[PDB]
Structures are given as C-alpha cells and as structure tokens.
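S.K.: how would this look folded up:
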Amino acid sequence: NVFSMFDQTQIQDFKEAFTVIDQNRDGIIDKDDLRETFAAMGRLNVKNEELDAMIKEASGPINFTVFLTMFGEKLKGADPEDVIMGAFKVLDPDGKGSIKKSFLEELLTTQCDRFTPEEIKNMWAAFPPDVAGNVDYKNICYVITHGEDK
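M.R.: Numbers count the residues shown, from 1 in each chain. See the structure here:
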C-alpha cells in the first residue's frame, strides 16, 4: 500500500531527510547519527532508551529502503497536500471560503458505517480554531503534511 500513493517528490523529500540524519554519509543511520542530529537541532537531553526505541521499530540496519518502508507503513492512508485540498475543494464546490462545522460532522458520520463521534470530537480539538472559524481546510492540509505547530 506504501509504494502505491507515494510519488517521486515525496520519496526525494524522504531521501534528503535521511541524508540529513545520516551523519557519517555511510548509507545506514544508527544511534550515533540520531544523537548528533538531535544535538544539532538543540536537543542535548537525549537518553539511550529513546534512541533505542526509535531503532527497535526496524528488524535490520535502517538503510534507505528499510526507512522508506517503515515510514510508508505508518502513513498507509496519507496523501500529499494538493490531493487532500482537492477533496475539500469538491466539498467547497462554489469556491474560495471553506466549509462549516455541522456540514462535515454529518458527512463524516453519515454515508458508510462510521467516522466515529469519538474521532470527530478529537478532530475539532486537534483541528481547532481552524475547524471553528472557516473549518480552515487550507490550514488543516498544511498541519497534516507540515506538522502541528505550523
């Protein structure tokens, strides 16, 4: 599933990300490579159990492919931002100003079995303010592709 969405651009973003964590340039990221990438980003308080927890997710040396497979496997239902924006633009169909909370609450719960009312309240809390104001779909897309603080 993890090689089927997954475009060349996404994969290059990942390749560059790997080479930035890959301190030694060897081709395999290890505990040492993780330690000074954390240090270069300002994080000095790193304990071995956290570094080890990271590495334990893979069965072998963390090599480009083992990385790409492990990160794909967690994003099995995740698109690139423009594609996600298309789904909202279809729900927008009139254009420019994004949708209201009620209109999508109902459409996530209704056709099919469930986007559950536990999942949806977590959605209004983790998607915001945004979801209250303009149900800011533009913002929603940027936070899922680019991190939570941004």
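S.K.: By residue count, tell me the biggest helix in the protein.
M.R.: Secondary structure of the chain read by DSSP state H shows that its longest helix is helix 8-21.
S.K.: Not counting that helix itself, show me its contacts.
M.R.: Counting by Cβ atoms under 8 Å, 6 or more residues apart in numbering, helix 8-21 makes contact with 25, 29, 33-34, 37, 64, 67-68, 71, 80, all of which sit outside it. Bear in mind the C-beta positions are built from the backbone N, C-alpha and C, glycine included.
S.K.: Those, buried ones only, as a ChimeraX selection?
M.R.: Paste this into ChimeraX to select the buried members of these, with burial taken from 16 or more other Cβ atoms under 10 Å:
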select :29,33,34,64,67,68
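S.K.: between the contacts of helix 8-21, which is closest to residue 5?
M.R.: Among the contacts of helix 8-21, residue 80 lies closest to residue 5 (Cβ to Cβ), at 7.8 Å.
S.K.: Show me what counts as buried in the longest helix of the chain.
M.R.: 10, 14, 18, 21.
S.K.: want to throw those residues into TSV with distance to residue 150?
M.R.: TSV is the format used below for those (distance: Cβ to Cβ, whole Å):
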residue	distance to residue 150
10	18
14	19
18	22
21	20
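S.K.: Between the residues you listed, which sits nearest residue 94?
M.R.: In terms of Cβ to Cβ, no member of the buried residues of helix 8-21 lies closer to residue 94 than residue 10, at 30.6 Å.
S.K.: Appreciated, that's everything.
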